[PDB]
Amino acid sequence: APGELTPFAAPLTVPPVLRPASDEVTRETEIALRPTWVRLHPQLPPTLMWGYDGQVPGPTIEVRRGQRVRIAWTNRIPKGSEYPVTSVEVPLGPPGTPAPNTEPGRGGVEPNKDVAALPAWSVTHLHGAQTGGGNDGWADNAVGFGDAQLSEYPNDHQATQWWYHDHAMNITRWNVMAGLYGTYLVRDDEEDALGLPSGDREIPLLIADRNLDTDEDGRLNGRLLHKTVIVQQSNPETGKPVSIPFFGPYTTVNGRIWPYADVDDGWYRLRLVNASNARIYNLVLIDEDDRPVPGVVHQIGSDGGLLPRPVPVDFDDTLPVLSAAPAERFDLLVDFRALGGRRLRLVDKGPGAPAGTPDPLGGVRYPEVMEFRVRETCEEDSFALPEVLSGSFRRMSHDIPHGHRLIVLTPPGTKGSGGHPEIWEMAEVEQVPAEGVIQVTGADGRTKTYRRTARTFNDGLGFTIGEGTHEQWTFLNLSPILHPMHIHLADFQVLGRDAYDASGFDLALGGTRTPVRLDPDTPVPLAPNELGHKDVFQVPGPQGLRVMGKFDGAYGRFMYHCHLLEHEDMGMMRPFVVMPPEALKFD
Amino acid sequence: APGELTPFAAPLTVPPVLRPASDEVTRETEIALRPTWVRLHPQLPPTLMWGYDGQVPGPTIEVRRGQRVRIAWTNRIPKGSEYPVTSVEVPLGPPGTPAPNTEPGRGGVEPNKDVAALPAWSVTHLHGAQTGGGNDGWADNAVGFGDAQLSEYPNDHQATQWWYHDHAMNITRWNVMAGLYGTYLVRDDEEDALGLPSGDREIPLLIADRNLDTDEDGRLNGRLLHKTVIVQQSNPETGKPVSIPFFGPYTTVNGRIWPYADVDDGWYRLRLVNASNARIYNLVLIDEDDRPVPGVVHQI
Ligand SMILES: [Cu+2]
Ligand SMILES: [Cu+2]
Ligand SMILES: [Cu+2]
Ligand SMILES: [Cu+2]
């Protein structure tokens, strides 16, 4: 239409590669945060962003397992710099019409001045890294211009895809959107012996949705626009309006809106991460006629490394979409051998229309993510994918002695919560229907009682954990909304999912009237791609999720939280501490 | 058949060549034992092994008769390392059917926990070598992580093929299987004067049979499996069961199951050693119709 960007007008780029490992461990690699001008699209003007080394995404850091590395994340954004991200909250639109976050522009609403007034204040978190809390990017310890955050990463972890981004307390949703994100690949001998496509044929893909502001006649102007929609104008408990997380109509891949990539008719490896604030990409690979393309994509790794077996992603009805929530990583082989001279598209699928078809109304006005243009060669790729991938993979057993956490996730309108969803840490009991008490009727048909002991980031510490121990964490989502939960430090495995009836939960009370009931005639199968190592799993509701993990290889104070950046900036986050068992004896 | 490897799917490799002779005899060549992942077959995942210089087979050492050589066989396998070889003993199975050592997997049986607890404890024996007992790899004198066994080999012996391998007291059967073997060639003027095929045309072949573990659905998982068969469950004299030696279904040549080798229509020299625990290979050269080929092989 008039005023729309043409998809696939510009080629894909990849961030420059950084290899920081050296003989001299005391010689840090400075990674300087600097303002930079970014061409999102040939049809836009340049866009002001903040980049690690002036690049968006940041450089792709590459290391080998065991190579000890030191990085100085160094704020070089001058005092007085314009804040790259304009922020607005806008009214709801007419019902049954596309929400305003399906559109650019502010619709008359004034940029929020308090965001405009943000100085550069940043802390970098290497998401997925096994490293002590002093290295982790703790949210309060963001630094201003001239100052550094120093991180050691021992990198004593199997080959995987990590990624790094701003984590500044309360403002992570803006800082990350400004451009502070990048990926970080660890290599090892096990991965090497797989003989995976590499060099030219290994492509990091950092995808993120954006919105843009518009000029006064409605022309897009390239300015980053964090636009949310108000679902409650005035919250009964507080003064304040209440808004949903960020979703935008434009999809960026490696810092470009809707790029194309020229590839050969061979095997390729994609290191995919969703770096979006909140959007879940339900990805489908489709051909010129919008037909999903089976038998071509294979998932081979996940957050924490190689899967035990490759998972076919055939966009059939065993896995119709590859669902990628914020912060999740997918190690994908795609096999273009039979596809020379073809053009294929990765698209976000809307719930209300086929893959490839706009569904503005399902939150996907523009399906396009990126295009592959496959050149016919006369070459023969004999790459072999084995049926078992990793010989190192050992399945997590519930038989290993472990401790237990229950984390309840609550509906937004819950009592005492100011209209926001929350993390509630729960402790079991051994004054029935009361505030902060939740009963649960388990599978075995019996009922336990739990009390709420923390509801927000700054409540007193709940989880203190001996280094080297295993713990099973249950996330019990009592709401209809999906929270991609993330735990710093550790690798976990998914043990089980169960559906619940949660209509026993009284929002106005903030407790159960009648118990939350496991619902055993709704099986929730595990996704076929979540049986490896994960550190950020999706938790729909009403449901419960069982993960297990070894808290291993480092110490300190760490975070777990929701990875919708808006919910994270609004209290949906908790600390935990990992100490030597021997220091645990002193409390 | 479903779940079977395709023979001849990957090319033969040869260990890298090592040439330790030097003008300063007091400068040892360090040969460090390390964990390594090796791809036995394209249809398998990578396999955990222990290798001399991270190589399985270890490097082909080459020396001339009279070149005095000192080697520090140096344990660099980190403490806490997973032991690479899984050990089980399984019951007989029905008479007139293939023995269980004919099949991959453990069947029901538990990995032996004592073998799984082994730390890396190795001593290296140069099999063939004429050198004093101090150098020969006495079996009790295995070394743990961070230490070395030092060996002088005067190499005063006519040209031949020797081979080297772990010789650790009581655990040799697992250590060698873990990957600790390689070959060692001595050259001299007499063999040189025969002008034998050399370079590209001399190929060491270290053959060894192996067994592998399976997952629950019975897929091969690349994990080294030392699986022996119980022939007497309770020996009258001792508490304990008695099992036969190791035999396994897969043949590796230079660390690859059933490789192929591209050669020219010319004379080749093969330096063949059987590094198996126990299997005696009864070797036949056959053609595409399975006919044995006469007039082609000569042992020298
Ligand atoms: Cu993290
Ligand atoms: Cu449990
Ligand atoms: Cu959330
Ligand atoms: Cu001997």
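Chain B is annotated in the PDB entry as Phenoxazinone synthase from Streptomyces antibioticus. Looking at the header, the entry is titled "Structure of Phenoxazinone synthase from Streptomyces antibioticus reveals a new type 2 copper center".

Where the PDB entry is consulted, chain A appears under the name Phenoxazinone synthase, with the organism given as Streptomyces antibioticus. Per its UniProt entry, chain A bears the Catalytic activity comment "4 2-aminophenol + 3 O2 = 2 2-aminophenoxazin-3-one + 6 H2O". Heading Subunit of the UniProt record for chain A holds this comment: "Homodimer (small form) or homohexamer (large form)."

Undergrad: Any chance you could explain a nonpolar patch on the surface here in plain terms?
TA: Among the surface-exposed residues, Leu92, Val231 and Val242 of chain B lie close enough to one another that they form a single nonpolar patch of about 240 Å² accessible area. With respect to the helices and strands, the residue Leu92 of chain B is situated in the loop between β6 (86-90) and α1 (113-116).

Undergrad: Would you take a moment to explain the coordination of the copper ion (ligand 1) for this structure?
TA: The protein atoms that coordinate the copper ion (ligand 1) are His125 of chain A (NE2) and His486 of chain A (NE2), at distances spanning 2.0 Å. Classification of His125 of chain A by relative accessible area gives buried; the value is 1%.

Undergrad: Would you take a moment to explain the environment of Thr60 of chain A for this structure?
TA: Residues and elements named next belong to chain A. Of note, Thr60 is situated in strand β4 (residues 60-64). Taking the C-alpha atoms as reference, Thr60 lies 5.8 Å from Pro15; in sequence the two are 45 residues apart. Once residues lying within four places of it in the same chain are set aside, the contact partners of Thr60 are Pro15, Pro16, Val17, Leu18, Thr183, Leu185 and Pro204.

Undergrad: In this structure, what is going on with the packing of aromatic side chains? I would like to understand it.
TA: Both the distance between ring centres and the angle between the ring planes are used here to describe each pair of aromatic rings. Residues and elements named next belong to chain A. Scanning the model with the defined rule gives 33 aromatic pairs over all chains in all. Look at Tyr52 and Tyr164: their rings are 5.0 Å apart centre to centre, the planes differ by 70 degrees, and that puts the pair in the edge-to-face class. With a gap of 112 residues between them, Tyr52 in strand β3 (residues 47-52) and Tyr164 in strand β9 (residues 160-166) connect regions that are remote in the sequence. One exposure class covers both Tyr52 and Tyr164, and it is buried. A centroid spacing of 5.9 Å and a plane angle of 70 degrees characterise the contact between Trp424 and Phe505, whose relative ring orientation is edge-to-face.

Undergrad: Is there a simple way to think about the interface of chain A and chain B in this case?
TA: In many reports, interface size means the accessible area that the parts give up when they come together. Tallying the contact residues gives 16 residues for chain A and 14 residues for chain B. With both sides pooled, the region where chain A packs onto chain B buries about 1200 Å², and carbon together with sulfur makes up 53% of that total. In terms of surface lost to chain B, no three residues of chain A exceed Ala193, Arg309 and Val388 of chain A, which account for 37% of the buried area on that side. The interface formed by chain A and chain B includes four salt bridges. For the salt bridge of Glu387 of chain A with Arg219 of chain B, the shortest nitrogen-to-oxygen distance reads 4.0 Å. Looking at the side of chain A that touches chain B residue by residue, the class counts come to seven nonpolar, four polar and five charged.

What counts and what doesn't
- Each chain carries its own residue count, beginning from 1 and running in the order its sequence is written; this scheme need not agree with the entry numbering, and residues with no coordinates do not appear.
- Numbering of ligands from 1 and lettering of chains from A proceed in the order in which they are written.
- Each value listed describes the chains present in this view, a part of a larger assembly.
- Derived side-chain values reflect all non-hydrogen atoms in the structure, with water molecules and hydrogen atoms excluded from consideration.
- UniProt positions are given in the numbering used here, feature names are shortened, and annotations may be inferred rather than shown by experiment.
- Patch building starts from residues that exceed 30% relative accessible area and form no salt bridge, then joins like charges within 9 Å and nonpolar side chains (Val, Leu, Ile, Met, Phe, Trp, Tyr) within 5 Å.
- In this description, accessible areas are obtained by the Shrake-Rupley approach with a 1.4 Å probe, and a residue is regarded as covered only by the protein chains that are shown.
- Salt bridges, as used here, are contacts in which a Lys or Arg side-chain nitrogen is within 4 Å of a carboxyl oxygen on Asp or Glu.
- Numbering of helices and strands starts at the N terminus; helices are DSSP runs of H or I of at least 4 residues and strands are runs of E of at least 2.
- Donor atoms (N, O, S) are those found within 2.8 Å of the metal centre, with the cutoff raised to 3.2 Å for Na, K and Ca; water is not part of the atom list, so apparent gaps in a site can occur.
- Residue exposure (1.4 Å probe, protein chains only): buried if accessible area is under 20% of the type maximum, exposed if over 50%, otherwise partly exposed.
- In what follows, residue pairs with any heavy atoms lying within 4.5 Å of each other are defined as contacts.
- When the centres of two rings from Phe, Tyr and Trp lie within 6.5 Å, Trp using its six-membered ring, the rings pair. Their planes under 30 degrees apart give stacked, over 60 give edge-to-face, and anything left gives tilted.
- Throughout, buried area stands for the accessible area (probe radius 1.4 Å) lost by two parts on being put together, summed over both.
- Each residue is assigned to one class: nonpolar for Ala, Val, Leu, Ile, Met, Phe, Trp, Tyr, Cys and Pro, charged for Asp, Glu, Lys and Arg, and polar for all the others, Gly among them.

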